[PDB]
C-alpha cells in the first residue's frame, strides 16, 4: 500500500459536534450539456429544480472517458496529471483515509463494482445492488433491471447501526449507461418519444437516440432528488450533504462517434464535460464554490476531506467543490 495521507487529522469529532452524513452519487455517462441548468433545450432535471440549496457546476472536466479509468481517479490523491490507472488499486485513496479516521464508509453499487477503490476495505463495506438479494426495486420494467432508487431502500438501518458516527455513503448508479439507454428508465420517465431501442446506435434516428438518453437523465434526476430527500429526514441529528459527479460523458453521434472510452489524447469534449451537483443543509456551514469555477475530478478528494473536517498535506492547495 502506497500512502499519501498518513498526516491526515480530523480537526473535530462526532462526539464533540454534530456527526456528518454525506451521500456521494457516482454517476454514469451523463453529459454536462444535456443538463437543463447548463443550458440544455429540455428540462432534464425537473425535480432537482425544486430543491433548495443545490449548486449546479457548469464547468467540470472528467479525469477520463471510462468507468475503469475515472472512478479510481475520482478517489485518488494523485490528480489527473500524476494519475496512473494501473497501480491505482494499491495507492491509499481518500476512502482509506476517512475510514482510517473512523468515518463509516459504505459503497452500494448498481453499476459494476468500485473499479478497485474499495479493495483494501472489508468486503462487507461494499454491496452489490444489481441483484435482487439487495435491491428491492427491480420489478418495475419489462427487463427486471434493478434501479438506483433501490440503493436508498434501507439506508436507515445502517444509519441505525452507525448511530453517532460520521458516514460517507457512495451510491454508484447505473445512470445513463449505453448502448441500451432505453432500458435505463421506467416508463414514467419516457417523456421524449420515439426512442432508439436498437443496440446499433448509429442505425438509429439521432433524435430517437437523443430521446432515450434524456429519458434516462430524468430518472437520474428522480434518483438524485430522492437522494437529497432521504438525507433531509436526518437533518436535525446529522450535518447532511450530497455530492454528485459523473465519471465521464457520452458521444451521441458527434463526428460519427458513440459511447465513450476514447483515449484522452484525442477524446471529444462530449466524453469529458460532466455534470456536478452539490446540495447541503443550511445548518451545516458548508459553502459551495462559485457555480462557474473551472473544476475537474481532482476536486472530489478535497471536497470529501473538507466535508469531514480532515486536513491532509497533499491536497491542502487543491480546489474543492466547497470552500
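Numbering follows the first chain given and starts at 1.
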> Per the entry, where is the mean C-alpha temperature factor higher: 109-117 or 204-212?
Replying inline: 204-212
> Should the higher mean CA B-factor in the entry be assigned to 183-191 or to 80-88?
Replying inline: 80-88
> Between 223, 244, 75, 158, which carries the biggest CA temperature factor in the record?
Replying inline: 158
> Between 97, 144, 251, 173, which carries the biggest CA temperature factor in the record?
Replying inline: 144
>> Using the temperature factors of the C-alpha atoms in this entry, rank residue 289 within its chain: lowest, middle or highest third.
In response: middle
> With respect to C-alpha B-factor, does residue 231 fall in the lowest, middle or highest third of the chain as deposited?
Replying inline: highest
> What third of the chain, by the recorded C-alpha B-factor, contains residue 304?
Replying inline: lowest
> Mind checking which third residue 137 falls in for C-alpha B-factor across the chain?
Replying inline: highest
>> By the recorded C-alpha temperature factor, relative to the other modelled residues in its chain, which third is residue 269 in?
In response: highest
